[PDB]
Amino acid sequence: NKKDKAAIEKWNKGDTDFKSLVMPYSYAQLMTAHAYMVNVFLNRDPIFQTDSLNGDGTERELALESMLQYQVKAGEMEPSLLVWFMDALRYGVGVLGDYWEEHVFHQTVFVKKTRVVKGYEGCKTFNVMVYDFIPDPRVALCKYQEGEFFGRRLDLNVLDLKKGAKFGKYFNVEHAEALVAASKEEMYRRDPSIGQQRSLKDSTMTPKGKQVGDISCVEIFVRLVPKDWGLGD
Amino acid sequence: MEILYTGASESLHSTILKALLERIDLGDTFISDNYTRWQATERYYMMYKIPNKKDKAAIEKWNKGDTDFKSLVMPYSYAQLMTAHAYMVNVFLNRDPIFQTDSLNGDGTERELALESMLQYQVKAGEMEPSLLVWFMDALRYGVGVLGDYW
Amino acid sequence: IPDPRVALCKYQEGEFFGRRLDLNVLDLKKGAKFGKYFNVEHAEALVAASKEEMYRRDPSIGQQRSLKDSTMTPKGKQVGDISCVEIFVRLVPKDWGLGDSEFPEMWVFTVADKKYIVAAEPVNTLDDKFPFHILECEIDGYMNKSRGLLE
Amino acid sequence: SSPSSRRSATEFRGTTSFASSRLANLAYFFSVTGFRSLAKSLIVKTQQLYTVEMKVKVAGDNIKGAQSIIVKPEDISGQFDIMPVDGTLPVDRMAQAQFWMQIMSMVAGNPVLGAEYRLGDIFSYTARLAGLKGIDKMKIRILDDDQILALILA
Amino acid sequence: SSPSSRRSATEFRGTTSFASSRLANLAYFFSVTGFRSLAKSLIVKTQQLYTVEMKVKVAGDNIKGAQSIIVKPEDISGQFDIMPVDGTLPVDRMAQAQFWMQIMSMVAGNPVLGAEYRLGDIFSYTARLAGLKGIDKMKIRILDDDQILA
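Chains U, D, X, G and W, in that order, are what the protein sequence lines are.
Those letters in the first sequence? Residues 52 to 161, 179 to 301, per the deposited numbering, in order.
Under the deposited numbering, think of the first position of the second sequence as 1, with each following residue one higher.
Under the deposited numbering, think of the first position of the third sequence as 202, with each following residue one higher.
Under the deposited numbering, think of the first position of the fourth sequence as 453, with each following residue one higher.
Under the deposited numbering, think of the first position of the fifth sequence as 453, with each following residue one higher.
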């Protein structure tokens, strides 16, 4: 409000006055709801449990459950599952993702040998912001599984692209590292009150050569007839 | 490894240093943005009020023997932070074992009792708890709390 | 010092993380014998001249100033603290000049007064994570400025 | 009953029983629509993607034989034999264990019943379900991970 | 209602159950996000960095054999077999001890059950879990630290 700047001035001088505010109520209700959901689903001891239709199932339930906990516990799924719930309540829709990860890393040990160590292999999960999902607009969001395509907007670190190329996951790499510099044009942004615009973006030089930064990318899954798309018969 | 300061340029020391510095500088940008805000919370913790003009007079009266009103900032908010910090300390730190282990399979059960003992030696004899209380206050007070670990 | 290009929640995904620290001269010296530190002669020189703290706590908090950092030993020499930074980075060795590999690895460096590098080493812990742990009051999962109860 | 004027105990329980109801209905929607999807997906991958060796390492002594883990791809595709469950209607393993203990008592008596059931297994199973998870170790002969793989290999 | 006064045996149990709920949700966030990280890290180092000799010294009679302490590096990297737990959902060792005791009584009856289990060990284990921790010292033969290492 216009009257506010004056009040702030008074406060600086030592006096006191009224500055305006928006009442809390609604926030409190969202927060109370989020709690109900976290307690009902996430804070439980097993989280994912299995029930069996026939006798054969009973034999397999105990083991399956164990393998599922390794994955929630050792794959750090829960931090991301809390957000999915907030999002739905806050924005109206919440989108999550799933993938399989085999992780390997290298470490130098002293003379001066190198080693490849094997880490977690299992499913991992992630959250897609509201502004990042790309859906099929011709089927309902509820009916997403029926439509032709779904995809997400993502940022990929150059170092990762390069490592992947060795394994065989990626290709056309030379052309890609070129875009590190101007790749990020951010169209949909957060509210002005929220900060983190960033600077000297993604461009840290390295001692001998190259630069280390990210490239904007999109991942899409499509249902297709191979003959038509040229990818097979 | 050893990188030595020959002082000559085009040296491993010189080339590496430059790189590291760029990284430190990018990082420093974040702190700069959040600094003013973090400093305000401190005033709130300490319940400080910029002194009013009428106040100096009052202090003078008090010295002479009389009494008058000197202004203040109301407590409420402090009380709520303090009540919250307590909940957290009780839930996590004041417990008897603090770090406990659960096991997925049978093999784990064999190893749980010993591991736990080794973990207490470390919390108890390494004086971790004094530092874990602060991490919790910081988060509530400032919004973020960072902790570290070393052998 | 964080990486400003990934969210604070997602710190483990970014290239670097580090802290600003003060190291006592006596400790640097002891370490040099064990083999932990190097370039020591140059470092002791900065004892008298190394203090600038750009970001400081609010005046209300009561942080004070000794204003006289160093003390002289009977035989000559001064005991004091040299300001330093410790940073952990993920790097391709070939490029950084430290070896031959094309795969990213983690190393730690300590730089003193932004002029000399007093320590560097590979990191060899089975997990690949940087050694720091962070707690935040607010529940957004994307980049934001976190709030605290007082604010 | 949200209005409060000196509520007694039944009254107190009553408004809260009722207020929760609209929130529980949301949960139920969430559970069927999206939690279920995630859960089913995780189950498919764990069954198909993990190799047998990895399955012993993650699951251990819980794999009492071939049946416990091995599965044909037909089952994975048609989703047969097991169903995902969630927080909204949880399963109580403790109750199940108590019934099993009663069954075992009956099998002990009535020697004819005893002839056609394997009592030791009922004891092992009940204990594991209750949560003990170490009964196997206590047995005179203990199976190591390498030993289990060999058994699975059949 | 949080602030109703002259409350019954039920309000005392209703606003407070409710009020704590928003605080518990904070705890849960803290637990998953950062406490977990610390805990997992401590666990890795203790397993990898300590030498076996040191492990006997820190852990003592709790090491009943090779299985108890020795571990391959694969496990340390893949985090298999044990999971960290915290204050928010604690484990009750006392209850576990009681179930084990019932198990022990059943083993004693039904001599066939007795044949395939080691009863002494069940007794030692239950006692240690409950917190005794001196049971071993009272046995006729006592193992010293040097003996354990061997």
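Where is the CB? At the ideal position from N, CA and C, for every residue including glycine.
- [ ] Using alpha carbons as the reference points, say which of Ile-335(X), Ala-321(X), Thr-326(X) and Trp-297(X) lies closest to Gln-158(U).
- [x] Residue numbering aside, residue 158(U) sits at position 107 when the first sequence is read from its first letter. Taking only the C-alpha atoms, the option nearest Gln-158(U) is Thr-326(X).
Open item on the list: When you compare the CB of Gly-342(X) with every CB in chain D, is at least one pair closer than 8 Å?
Closed with: Locating residue 342(X) in the third sequence gives position 141, where the first residue counts as 1. It does not; no Cβ of chain D falls within 8 Å.
Open item on the list: Within a Cβ cutoff of 6 Å, which residues of the same chain sit near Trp-552(W), ignoring the five residues on either side of it in sequence?
Closed with: In the fifth sequence, residue 552(W) corresponds to position 100, counting from 1. Result list for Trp-552(W): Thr-578, in chain order.
Task: Beta-carbon spacing of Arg-206(X), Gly-219(X) below 8 Å - done: Along the third sequence, one-based indexing puts residue 206(X) at 5. Along the third sequence, one-based indexing puts residue 219(X) at 18. The beta carbons of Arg-206(X) and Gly-219(X) sit no closer together than 8 Å.
TODO: Could you tell me which residues DSSP pairs with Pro-323(X) in its beta bridges?
DONE: Numbered from 1 along the third sequence, position 122 holds the residue referred to as residue 323(X). Note: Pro-323(X) sits in a beta bridge opposite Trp-308(X).
- [ ] With a cut-off of 8 Å on the beta carbons, I'd call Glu-110(U) and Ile-534(G) a contact; round off their distance for me.
- [x] Taking the first residue of the first sequence as 1, we reach residue 110(U) at position 59. Taking the first residue of the fourth sequence as 1, we reach residue 534(G) at position 82. 10 Å between Cβ atoms; not a contact.
Task: For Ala-313(X), the residue or residues it bridges with in DSSP - done: Taking the first residue of the third sequence as position 1, residue 313(X) is located at position 112. BP columns for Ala-313(X) point to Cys-285(X) and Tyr-317(X).
Open item on the list: For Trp-151(U), would you say it is in contact with chain G, using Cβ-to-Cβ distances shorter than 8 Å as the test?
Closed with: The residue given as residue 151(U) occupies position 100 in the first sequence. Yes - at least one Cβ of chain G is within 8 Å of the one on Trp-151(U).
TODO: For the region 572-605 of chain G, enumerate the residues whose C-beta is nearer than 7 Å to any C-beta of chain D, in chain order.
DONE: For the region 572-605 of chain G, which is checked against every Cβ of chain D, the residues closer than 7 Å are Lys-585, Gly-586, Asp-588 and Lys-589.
TODO: Measure from the C-beta of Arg-459(G) to each C-beta in chain W and report whether the shortest distance is under 8 Å.
DONE: Residue numbering aside, residue 459(G) sits at position 7 when the fourth sequence is read from its first letter. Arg-459(G) belongs to the set of residues whose beta carbon lies under 8 Å from a beta carbon in chain W.
Task: 8 Å Cβ cutoff met for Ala-549(G) and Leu-571(G) - done: Taking the fourth sequence and counting its residues from 1, one reaches residue 549(G) at position 97. Taking the fourth sequence and counting its residues from 1, one reaches residue 571(G) at position 119. For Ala-549(G) and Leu-571(G), no; Cβs fall outside 8 Å.
TODO: Please state if the CB of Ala-246(X) and the CB of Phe-239(X) are separated by a distance shorter than 8 Å.
DONE: If you number the third sequence from 1, residue 239(X) lands on position 38. If you number the third sequence from 1, residue 246(X) lands on position 45. Going by beta carbons, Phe-239(X) and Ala-246(X) fall outside the 8 Å limit.
Task: Where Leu-292(X) falls: helix, strand or coil (DSSP) - done: Walking along the third sequence from the start, residue 292(X) turns up at place 91. Strand at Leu-292(X).
- [ ] Kindly indicate which three-state DSSP category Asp-223(U) falls into: helix, strand or coil?
- [x] For this step, residue 223(U) is matched to residue 155 along the first sequence. In this structure, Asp-223(U) counts as strand in the three-state DSSP scheme.
Task: Beta-bridge pairing of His-157(U) - partner residues as DSSP gives them - done: The sequence position of residue 157(U) within the first sequence is 106, counting from 1. DSSP, once it has assigned bridges, lists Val-184(U) as partnering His-157(U).
- [ ] Determine the closest residue to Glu-352(X) out of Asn-34(D), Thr-15(D) and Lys-61(D), with distance taken between C-alpha atoms.
- [x] Looking up residue 352(X) in the third sequence gives position 151. If you compare the alpha carbons of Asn-34(D), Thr-15(D) and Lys-61(D) with that of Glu-352(X), the shortest gap goes to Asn-34(D).
- [ ] Inspect the beta-carbon positions of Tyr-87(D) and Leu-475(W) and report whether they are closer than 8 Å.
- [x] Within the second sequence, numbered from 1, the residue matching residue 87(D) stands at position 87. Within the fifth sequence, numbered from 1, the residue matching residue 475(W) stands at position 23. The Cβ atoms of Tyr-87(D) and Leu-475(W) sit closer than 8 Å to each other.
Task: Distance between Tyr-78(D) and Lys-516(W) (C-alpha atoms, nearest Å) - done: The residue labelled residue 516(W) in the question sits at position 64 within the fifth sequence. The residue labelled residue 78(D) in the question sits at position 78 within the second sequence. Straight-line measurement puts the Cα of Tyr-78(D) at about 51 Å from the Cα of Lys-516(W).
Task: Selection from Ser-103(U), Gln-80(U) and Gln-122(U) that minimises the alpha carbon distance to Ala-471(W) - done: Taking the first residue of the fifth sequence as position 1, residue 471(W) is located at position 19. In this structure, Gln-80(U) is the residue among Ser-103(U), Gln-80(U) and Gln-122(U) with its C-alpha nearest to the C-alpha of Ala-471(W).
Open item on the list: On a Cα-Cα basis, can you pick out the residue from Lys-589(W), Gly-586(W), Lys-509(W) and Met-590(W) that is closest to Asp-598(W)?
Closed with: Taking the first residue of the fifth sequence as 1, we reach residue 598(W) at position 146. Nearest in C-alpha terms to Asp-598(W), of all of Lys-589(W), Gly-586(W), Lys-509(W) and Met-590(W), is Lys-509(W).
TODO: Could you please give the first and the last residue of the uninterrupted alpha helix (DSSP H) stretch that includes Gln-519(W)?
DONE: Within the fifth sequence, residue 519(W) is the residue found at index 67, counting from 1. It spans 518-521 - the alpha helix (DSSP H) in which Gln-519(W) sits, taken as one unbroken run.
Task: Segment contact flag, the region 14-29 of chain D with the region 252-264 of chain U, C-beta cutoff 8 Å, min 3 pairs - done: With a cut-off of 8 Å, the region 252-264 of chain U and the region 14-29 of chain D do not count as touching, because too few Cβ pairs lie within range.
Task: Limits of the alpha helix (DSSP H) - the one that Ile-515(W) falls within - done: Within the fifth sequence, numbered from 1, the residue matching residue 515(W) stands at position 63. First-last for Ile-515(W): undefined, no H or E at that position.
Open item on the list: Can you list, in chain order, the residues of its chain with a C-beta nearer than 8 Å to that of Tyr-212(U)? Leave out the 5 residues immediately preceding and following it.
Closed with: Residue 212(U) sits at position 144 when you count from the first residue of the first sequence. The residues are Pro-203, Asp-204 and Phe-218.
Task: Length-filtered (4 minimum) alpha helix (DSSP H) runs lying within the region 67-134 of chain D - done: Fully contained in the region 67-134 of chain D are the following alpha helix (DSSP H) runs of length 4 or more, in chain order: 76-88 and 106-125.
TODO: Give me whichever residues DSSP pairs with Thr-272(U) in a beta bridge.
DONE: Walking along the first sequence from the start, residue 272(U) turns up at place 204. As DSSP reads the structure, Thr-272(U) sits in a beta bridge with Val-280(U).
- [ ] List the residues of chain W that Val-185(U) touches, going by C-beta distances under 7 Å, in chain order.
- [x] Taking the first sequence and counting its residues from 1, the one referred to as residue 185(U) is at position 117. Under the 7 Å cutoff, chain W gives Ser-529.
- [ ] Find the nearest neighbour of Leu-104(U) within the set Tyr-480(G), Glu-505(G), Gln-531(G) and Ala-511(G), judged by alpha-carbon distance.
- [x] The residue labelled residue 104(U) in the question sits at position 53 within the first sequence. Closest in alpha carbon position to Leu-104(U), among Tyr-480(G), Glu-505(G), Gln-531(G) and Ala-511(G), is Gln-531(G).
- [ ] Classify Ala-57(U) as buried or exposed, calling it buried when 16 or more other Cβ atoms lie within 10 Å of its own Cβ.
- [x] Position 6 of the first sequence, counted from the start, is the residue given in the question as residue 57(U). With fewer than 16 other Cβ atoms from the protein chains shown falling within 10 Å of its own Cβ, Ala-57(U) counts as exposed.
Task: Local Cβ density within 10 Å of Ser-453(G), reported as buried at 16 or more and exposed below that - done: Position 1 of the fourth sequence, counted from the start, is the residue given in the question as residue 453(G). It is exposed - the Cβ of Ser-453(G) has fewer than 16 other Cβ atoms within 10 Å.
TODO: Classify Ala-249(U) as buried or exposed, calling it buried when 16 or more other Cβ atoms lie within 10 Å of its own Cβ.
DONE: Start at 1 with the first residue of the first sequence, and residue 249(U) comes out as number 181. Note on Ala-249(U): under 16 other CB atoms within 10 angstroms of its CB, so exposed under the neighbour-count rule.
- [ ] Given a cut-off of 8 Å, decide if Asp-282(U) and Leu-224(U) are closer than it, judged by their beta-carbon atoms.
- [x] On the first sequence, position 156 is the one that residue 224(U) refers to. On the first sequence, position 214 is the one that residue 282(U) refers to. Closer than 8 Å, so yes.
- [ ] For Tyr-150(U), name the three-state secondary structure that DSSP assigns.
- [x] The count along the first sequence starts at 1 and reaches residue 150(U) at position 99. Here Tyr-150(U) sits in strand by DSSP.
Task: N-terminal and C-terminal residue of the alpha helix (DSSP H) that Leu-605(G) is part of - done: As a first step, residue 605(G) must be located in the fourth sequence, where it is residue number 153. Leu-605(G) -> alpha helix (DSSP H) spans 597-605.
TODO: Quick one: residues in its chain with C-beta nearer than 8 Å to the C-beta of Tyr-502(W), no 5 flanking neighbours on either side, listed in chain order?
DONE: Stepping through the fifth sequence from its first residue, residue 502(W) is reached at position 50. Annotation for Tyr-502(W): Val-510 place their beta carbon closer than 8 Å to its own, counting only its chain and skipping 5 residues before and after.
TODO: For the region 472-500 of chain G, enumerate the residues whose C-beta is nearer than 9 Å to any C-beta of chain U, in chain order.
DONE: Cβ contacts with chain U: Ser-472, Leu-475, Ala-476, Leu-478, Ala-479, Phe-482, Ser-483, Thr-485, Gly-486, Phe-487, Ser-489, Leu-490, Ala-491, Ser-493, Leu-494, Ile-495, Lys-497, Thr-498 and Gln-499.
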